[PDB]
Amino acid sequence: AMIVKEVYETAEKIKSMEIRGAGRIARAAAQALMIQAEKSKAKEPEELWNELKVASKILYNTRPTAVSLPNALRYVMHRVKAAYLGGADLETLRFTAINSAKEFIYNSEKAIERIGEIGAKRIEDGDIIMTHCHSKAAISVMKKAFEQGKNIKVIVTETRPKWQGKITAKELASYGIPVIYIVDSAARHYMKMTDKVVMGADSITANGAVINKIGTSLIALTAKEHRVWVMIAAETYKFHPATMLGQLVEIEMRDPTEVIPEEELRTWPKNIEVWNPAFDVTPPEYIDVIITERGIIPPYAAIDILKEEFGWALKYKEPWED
(Lines of atoms letter the chains of each structure in order from A and count residues from 1; the text may use other names and numbers.)
(Lines give C-alpha, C1' and ligand atoms only; values in the text may rest on other atoms or scores of the structure.)
Protein backbone atom coordinates (compact mmCIF):
# COMPACT_ATOMS: atom_id res chain seq x y z
CA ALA A 1 0.00 0.00 0.00
CA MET A 2 1.10 3.56 -0.92
CA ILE A 3 0.85 5.23 2.54
CA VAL A 4 1.74 8.94 2.82
CA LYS A 5 4.23 10.65 5.12
CA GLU A 6 1.51 12.37 7.20
CA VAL A 7 -0.18 9.09 8.14
CA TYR A 8 3.15 7.90 9.63
CA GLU A 9 4.07 11.31 11.14
CA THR A 10 0.69 11.61 12.83
CA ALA A 11 0.94 8.10 14.22
CA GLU A 12 4.36 8.78 15.83
CA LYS A 13 3.10 12.04 17.28
CA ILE A 14 0.07 10.34 18.89
CA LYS A 15 2.47 7.70 20.42
CA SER A 16 5.00 10.23 21.72
CA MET A 17 2.11 12.46 22.91
CA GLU A 18 3.35 15.47 20.92
CA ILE A 19 -0.33 15.25 19.84
CA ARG A 20 -2.52 14.53 22.84
CA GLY A 21 -5.94 15.04 24.46
CA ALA A 22 -8.63 12.63 23.23
CA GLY A 23 -10.40 15.21 21.05
CA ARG A 24 -7.26 16.34 19.32
CA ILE A 25 -5.99 12.81 18.79
CA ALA A 26 -9.30 12.02 17.10
CA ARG A 27 -9.23 15.08 14.84
CA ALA A 28 -5.60 14.40 13.93
CA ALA A 29 -6.44 10.78 13.06
CA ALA A 30 -9.24 11.97 10.79
CA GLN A 31 -7.04 14.70 9.33
CA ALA A 32 -4.44 12.05 8.46
CA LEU A 33 -6.95 9.89 6.55
CA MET A 34 -8.09 13.11 4.81
CA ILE A 35 -4.49 13.76 3.64
CA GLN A 36 -4.17 10.11 2.52
CA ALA A 37 -7.18 10.52 0.20
CA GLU A 38 -6.03 13.94 -1.05
CA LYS A 39 -2.58 12.59 -2.03
CA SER A 40 -3.25 9.00 -2.99
CA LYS A 41 -1.83 8.33 -6.42
CA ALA A 42 -4.15 5.27 -6.65
CA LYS A 43 -6.00 4.48 -9.92
CA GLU A 44 -8.66 1.99 -8.78
CA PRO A 45 -11.20 2.37 -5.93
CA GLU A 46 -10.13 -1.07 -4.55
CA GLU A 47 -6.61 0.40 -4.49
CA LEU A 48 -7.73 3.50 -2.49
CA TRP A 49 -9.92 1.46 -0.14
CA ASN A 50 -6.83 -0.74 0.65
CA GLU A 51 -4.70 2.35 1.36
CA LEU A 52 -7.38 3.78 3.73
CA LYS A 53 -7.90 0.42 5.49
CA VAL A 54 -4.15 0.21 6.21
CA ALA A 55 -3.63 3.88 7.12
CA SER A 56 -6.46 3.36 9.57
CA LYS A 57 -4.87 0.24 11.06
CA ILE A 58 -1.66 2.24 11.51
CA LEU A 59 -3.58 5.01 13.31
CA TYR A 60 -5.66 2.73 15.57
CA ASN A 61 -2.49 0.94 16.76
CA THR A 62 -1.06 4.08 18.35
CA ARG A 63 -2.70 4.62 21.80
CA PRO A 64 -5.51 2.33 23.01
CA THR A 65 -7.42 3.97 25.85
CA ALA A 66 -9.17 7.08 24.38
CA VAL A 67 -12.01 5.64 22.23
CA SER A 68 -12.28 9.05 20.55
CA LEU A 69 -9.57 7.77 18.17
CA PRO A 70 -11.36 4.66 16.81
CA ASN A 71 -14.68 6.58 16.76
CA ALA A 72 -13.09 9.09 14.40
CA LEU A 73 -11.73 6.38 12.11
CA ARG A 74 -15.11 4.56 12.24
CA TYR A 75 -16.83 7.84 11.29
CA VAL A 76 -14.71 8.33 8.21
CA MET A 77 -14.57 4.62 7.28
CA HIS A 78 -18.18 3.39 7.87
CA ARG A 79 -19.00 5.87 5.13
CA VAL A 80 -16.02 5.08 2.92
CA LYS A 81 -16.93 1.34 3.28
CA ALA A 82 -20.58 2.01 2.28
CA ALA A 83 -19.50 4.14 -0.71
CA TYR A 84 -17.00 1.56 -2.03
CA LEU A 85 -19.43 -1.38 -1.60
CA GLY A 86 -22.05 0.43 -3.84
CA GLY A 87 -19.29 0.53 -6.47
CA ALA A 88 -18.49 4.22 -6.02
CA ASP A 89 -15.99 5.23 -8.69
CA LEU A 90 -12.59 6.60 -7.62
CA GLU A 91 -13.38 10.31 -7.13
CA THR A 92 -16.62 9.43 -5.35
CA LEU A 93 -14.60 7.38 -2.82
CA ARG A 94 -11.90 10.02 -2.52
CA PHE A 95 -14.53 12.64 -1.72
CA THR A 96 -16.51 10.35 0.66
CA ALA A 97 -13.32 10.03 2.80
CA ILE A 98 -12.24 13.68 2.52
CA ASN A 99 -15.65 15.06 3.23
CA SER A 100 -16.41 12.52 6.00
CA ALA A 101 -13.23 13.54 7.82
CA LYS A 102 -14.08 17.26 7.36
CA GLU A 103 -17.53 16.58 9.02
CA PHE A 104 -15.94 14.79 12.03
CA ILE A 105 -13.48 17.64 12.50
CA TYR A 106 -16.18 20.34 12.16
CA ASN A 107 -18.48 18.44 14.50
CA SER A 108 -15.69 17.97 17.06
CA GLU A 109 -14.93 21.70 16.95
CA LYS A 110 -18.68 22.52 17.23
CA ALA A 111 -19.42 19.97 19.99
CA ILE A 112 -16.67 21.45 22.17
CA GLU A 113 -17.92 25.05 21.90
CA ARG A 114 -21.41 23.73 22.72
CA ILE A 115 -20.24 21.79 25.81
CA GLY A 116 -18.72 25.07 26.87
CA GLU A 117 -22.09 26.85 26.71
CA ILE A 118 -24.06 24.15 28.46
CA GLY A 119 -21.53 23.51 31.20
CA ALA A 120 -21.02 27.20 31.89
CA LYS A 121 -24.63 27.54 33.04
CA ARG A 122 -23.76 25.02 35.81
CA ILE A 123 -21.00 27.45 36.99
CA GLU A 124 -21.86 30.24 39.43
CA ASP A 125 -20.17 33.54 39.98
CA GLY A 126 -17.41 33.25 42.66
CA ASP A 127 -16.87 29.56 42.04
CA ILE A 128 -13.52 27.93 42.72
CA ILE A 129 -13.22 25.10 40.18
CA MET A 130 -10.79 22.24 40.49
CA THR A 131 -9.67 20.48 37.33
CA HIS A 132 -7.27 17.74 36.35
CA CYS A 133 -4.98 17.10 33.37
CA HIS A 134 -5.66 19.26 30.26
CA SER A 135 -9.06 18.81 28.69
CA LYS A 136 -10.25 21.00 25.92
CA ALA A 137 -13.86 20.18 26.79
CA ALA A 138 -13.31 21.19 30.48
CA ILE A 139 -11.46 24.30 29.51
CA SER A 140 -14.25 25.24 27.15
CA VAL A 141 -16.64 25.15 30.14
CA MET A 142 -14.31 27.18 32.33
CA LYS A 143 -13.38 29.73 29.65
CA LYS A 144 -17.00 30.24 28.67
CA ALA A 145 -17.97 30.79 32.34
CA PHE A 146 -15.24 33.44 32.59
CA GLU A 147 -16.39 35.20 29.37
CA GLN A 148 -19.91 35.35 30.90
CA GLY A 149 -18.30 37.66 33.59
CA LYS A 150 -18.56 35.14 36.44
CA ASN A 151 -15.54 35.70 38.66
CA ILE A 152 -13.92 32.31 38.87
CA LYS A 153 -10.62 30.82 40.02
CA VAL A 154 -9.37 27.47 38.82
CA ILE A 155 -7.26 25.03 40.86
CA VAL A 156 -5.01 23.23 38.37
CA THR A 157 -3.52 19.93 39.41
CA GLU A 158 -0.10 19.42 37.85
CA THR A 159 -0.96 15.91 36.75
CA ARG A 160 1.97 13.63 36.97
CA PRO A 161 3.87 12.13 35.31
CA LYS A 162 3.62 14.19 32.14
CA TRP A 163 2.72 17.59 33.65
CA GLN A 164 -0.40 18.26 31.52
CA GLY A 165 -1.34 20.65 34.36
CA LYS A 166 1.31 23.09 33.20
CA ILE A 167 -0.56 23.36 29.91
CA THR A 168 -3.85 23.93 31.63
CA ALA A 169 -2.46 26.53 34.00
CA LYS A 170 -0.72 28.65 31.32
CA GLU A 171 -3.66 28.40 28.91
CA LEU A 172 -6.30 29.48 31.47
CA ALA A 173 -4.08 32.24 32.89
CA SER A 174 -3.66 33.56 29.38
CA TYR A 175 -7.51 34.04 29.01
CA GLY A 176 -7.31 36.14 32.23
CA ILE A 177 -8.52 33.41 34.60
CA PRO A 178 -6.78 33.32 38.01
CA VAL A 179 -5.17 29.90 38.50
CA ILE A 180 -4.07 28.11 41.72
CA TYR A 181 -1.44 25.42 40.89
CA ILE A 182 -0.92 22.48 43.24
CA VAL A 183 0.34 18.93 43.33
CA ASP A 184 -2.09 16.00 42.74
CA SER A 185 -1.62 15.03 46.46
CA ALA A 186 -3.16 18.34 47.66
CA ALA A 187 -6.61 17.64 46.04
CA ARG A 188 -8.39 16.60 49.26
CA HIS A 189 -6.70 19.37 51.33
CA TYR A 190 -8.13 21.92 48.94
CA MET A 191 -11.44 20.20 48.26
CA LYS A 192 -13.01 22.15 51.19
CA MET A 193 -12.50 25.49 49.31
CA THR A 194 -13.63 24.00 45.95
CA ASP A 195 -17.23 24.56 44.70
CA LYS A 196 -17.14 22.48 41.47
CA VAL A 197 -14.93 19.93 39.82
CA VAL A 198 -14.74 19.97 36.02
CA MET A 199 -12.78 17.32 34.11
CA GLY A 200 -12.60 15.59 30.70
CA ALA A 201 -12.96 12.01 29.51
CA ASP A 202 -11.18 9.62 27.19
CA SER A 203 -13.62 6.76 27.30
CA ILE A 204 -17.03 6.52 28.94
CA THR A 205 -18.55 3.11 29.39
CA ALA A 206 -22.03 1.67 29.03
CA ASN A 207 -22.57 1.46 32.79
CA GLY A 208 -21.50 5.08 33.32
CA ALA A 209 -17.79 4.83 34.24
CA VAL A 210 -15.32 7.50 33.08
CA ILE A 211 -11.81 6.56 32.04
CA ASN A 212 -9.74 9.71 32.29
CA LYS A 213 -6.20 10.77 33.29
CA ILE A 214 -4.56 8.85 36.20
CA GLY A 215 -5.67 10.52 39.41
CA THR A 216 -9.19 11.34 38.23
CA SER A 217 -10.84 8.68 40.37
CA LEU A 218 -9.14 10.13 43.41
CA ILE A 219 -10.31 13.66 42.79
CA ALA A 220 -13.86 12.48 42.21
CA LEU A 221 -13.70 10.23 45.29
CA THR A 222 -12.84 13.08 47.66
CA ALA A 223 -15.19 15.49 45.78
CA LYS A 224 -18.07 13.12 46.53
CA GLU A 225 -16.90 12.89 50.18
CA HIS A 226 -17.22 16.73 50.41
CA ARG A 227 -20.36 17.02 48.21
CA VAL A 228 -18.62 19.09 45.55
CA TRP A 229 -20.24 18.41 42.11
CA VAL A 230 -18.16 16.36 39.70
CA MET A 231 -18.92 17.41 36.11
CA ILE A 232 -17.33 15.51 33.22
CA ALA A 233 -17.26 17.55 29.98
CA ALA A 234 -17.30 14.97 27.20
CA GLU A 235 -18.24 14.80 23.47
CA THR A 236 -20.50 11.87 22.38
CA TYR A 237 -17.54 10.38 20.47
CA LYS A 238 -15.89 9.88 23.96
CA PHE A 239 -18.44 7.12 24.52
CA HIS A 240 -17.33 3.56 24.08
CA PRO A 241 -19.39 1.21 21.86
CA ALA A 242 -17.74 -2.14 22.65
CA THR A 243 -18.53 -1.68 26.36
CA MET A 244 -22.21 -2.30 25.41
CA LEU A 245 -21.28 -5.94 24.83
CA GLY A 246 -18.90 -6.37 27.76
CA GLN A 247 -15.55 -4.99 26.71
CA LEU A 248 -13.14 -3.80 29.38
CA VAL A 249 -11.36 -0.67 28.26
CA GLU A 250 -7.57 -1.27 28.08
CA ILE A 251 -5.57 0.93 30.47
CA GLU A 252 -2.50 2.32 28.76
CA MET A 253 0.75 1.55 30.56
CA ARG A 254 3.37 4.02 29.40
CA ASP A 255 7.13 3.90 29.65
CA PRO A 256 8.74 3.89 33.14
CA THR A 257 10.96 6.84 32.20
CA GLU A 258 8.06 9.24 32.10
CA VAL A 259 8.15 8.82 35.90
CA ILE A 260 11.90 8.45 36.66
CA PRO A 261 14.13 9.83 33.86
CA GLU A 262 16.42 7.32 32.07
CA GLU A 263 19.64 8.89 33.53
CA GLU A 264 18.42 8.14 37.04
CA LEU A 265 16.37 4.93 36.50
CA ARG A 266 19.30 3.01 35.03
CA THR A 267 21.14 3.55 38.41
CA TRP A 268 18.22 2.10 40.47
CA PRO A 269 18.12 -1.47 41.84
CA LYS A 270 16.64 -4.24 39.79
CA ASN A 271 14.02 -5.10 42.48
CA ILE A 272 12.10 -1.83 41.88
CA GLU A 273 9.50 -1.76 39.04
CA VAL A 274 8.14 1.60 37.95
CA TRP A 275 4.41 1.25 36.98
CA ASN A 276 2.96 4.12 34.87
CA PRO A 277 -0.74 3.67 34.15
CA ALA A 278 -1.91 6.64 32.05
CA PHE A 279 -5.59 6.56 33.05
CA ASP A 280 -7.87 5.16 35.81
CA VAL A 281 -11.58 4.38 36.05
CA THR A 282 -13.91 6.68 38.00
CA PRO A 283 -17.09 4.85 38.88
CA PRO A 284 -20.45 6.52 38.05
CA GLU A 285 -21.47 7.08 41.68
CA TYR A 286 -18.75 9.75 41.95
CA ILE A 287 -20.09 11.56 38.86
CA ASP A 288 -22.96 14.04 39.04
CA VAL A 289 -23.37 15.07 35.38
CA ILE A 290 -21.74 14.28 32.05
CA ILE A 291 -22.08 17.37 29.85
CA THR A 292 -22.26 16.34 26.15
CA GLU A 293 -22.85 18.51 23.07
CA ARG A 294 -26.44 17.15 23.24
CA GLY A 295 -26.87 18.24 26.88
CA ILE A 296 -26.51 17.34 30.56
CA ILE A 297 -27.08 13.72 31.45
CA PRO A 298 -26.62 11.59 34.53
CA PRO A 299 -23.78 9.12 34.04
CA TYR A 300 -26.18 6.18 34.08
CA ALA A 301 -27.59 7.55 30.78
CA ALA A 302 -24.33 6.78 28.93
CA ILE A 303 -26.03 3.57 27.65
CA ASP A 304 -28.78 5.79 26.08
CA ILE A 305 -26.13 7.86 24.20
CA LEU A 306 -24.49 4.63 22.90
CA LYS A 307 -27.76 2.92 21.89
CA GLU A 308 -29.06 5.92 19.94
CA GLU A 309 -25.66 6.70 18.29
CA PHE A 310 -23.53 3.47 18.07
CA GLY A 311 -25.74 0.37 18.68
CA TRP A 312 -26.25 -0.46 14.96
CA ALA A 313 -22.50 -0.99 14.20
CA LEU A 314 -21.78 -3.82 16.76
CA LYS A 315 -23.06 -6.77 14.65
CA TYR A 316 -20.70 -5.43 11.92
CA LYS A 317 -16.98 -5.99 11.95
CA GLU A 318 -14.71 -2.93 12.16
CA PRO A 319 -14.85 -0.87 8.88
CA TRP A 320 -11.07 -1.27 8.19
CA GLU A 321 -11.09 -5.11 8.58
CA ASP A 322 -11.41 -7.88 5.99
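Residue indices: 1-based, along the sequence shown.
- Averaged over Cα atoms, the B-factor as recorded in the entry is higher for 110-118 than for the other of 216-224 and 110-118.
- For the segment pair 120-128 and 88-96, the entry gives 88-96 the higher mean B-factor, averaged over Cα atoms.
- The PDB entry gives the largest Cα B-factor of the residues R160, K102, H134, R188 to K102.
- Taking only the listed residues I272, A42, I287, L69, the entry reports the highest CA temperature factor at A42.
- In the deposited entry, the Cα temperature factor of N61 sits in the top third of values across the chain's modelled residues.
- When the modelled residues of the chain are ordered by their C-alpha B factor, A83 lands in the highest third.
- In the PDB entry, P299 places in the lowest third of its chain by CA B-factor.
- Per the PDB record, residue ranking by Cα B-factor puts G176 in the highest third of the chain.
- Per the PDB record, residue ranking by Cα B-factor puts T292 in the middle third of the chain.
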